[PDB]
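*Asks:* I have a structure I would like to understand better, so I am pasting it below and will then ask my questions one at a time.
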2 protein chains.
Amino acid sequence: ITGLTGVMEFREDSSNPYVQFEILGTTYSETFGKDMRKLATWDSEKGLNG
Amino acid sequence: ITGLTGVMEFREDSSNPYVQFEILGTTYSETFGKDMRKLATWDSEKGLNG
């Protein structure tokens with residue numbers, strides 16, 4: 001199925017291997033400040049993306 | 001009357017002079033970048049406000 005969160009399924013060992021995040025890394029320095037930035041994203045299909 | 005724009009009344013020369021501006025001039029610095037600044041608001045009834 002596909003619904004309000006993403007992918008939920010079941011496997012033949014009673015497991016759901018799906019998860020997929022996103023990495024919002026705000027850069028801050030001593031003099032520069034809070035640089036609002038998404039550095040990467042992470043999926044269960046490719047590992048790290050970014 | 002009172003409404004959206006506020007004060008409505010007319011003079012002998014038939015004038016409704018009411019307004020509430022805001023003049024917002026940010027003193028710039030090249031080391032900070034983006035900013036959300038709100039300075040003082042201007043009224044018709046005090047003339048200059050700050």
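By order of appearance in the structure tokens: chains A, B, ..., then residues from 1 within every chain, and ligands from 1 in the order shown.
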At a cut-off of 10 Å, using only C-alpha atoms, what residues contact segment 33-45 of chain A? Leave out same-chain residues fewer than 4 positions from it and give the result as a count of residues only.
*Replies:* 19
*Asks:* Based on DSSP run over this structure's backbone, return all residues of chain B in strand (DSSP E or B), as JSON, numbers by chain.
*Replies:* {"B": [2, 7, 22, 41]}
*Asks:* For the residues in that selection, give me C-alpha atoms as an mmCIF file, in the first residue's frame.
*Replies:*
data_model
loop_
_atom_site.group_PDB
_atom_site.id
_atom_site.type_symbol
_atom_site.label_atom_id
_atom_site.label_comp_id
_atom_site.auth_asym_id
_atom_site.auth_seq_id
_atom_site.Cartn_x
_atom_site.Cartn_y
_atom_site.Cartn_z
ATOM 1 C CA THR B 2 -14.711 53.030 11.757
ATOM 2 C CA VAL B 7 -10.660 56.933 10.652
ATOM 3 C CA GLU B 22 5.503 52.708 8.183
ATOM 4 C CA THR B 41 5.369 52.888 12.293
#
*Asks:* After a least-squares superposition of chain B onto chain A, with every Cα atom paired in order, give the RMSD to one decimal place.
*Replies:*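 Answer to one decimal place: 1.9 Å.
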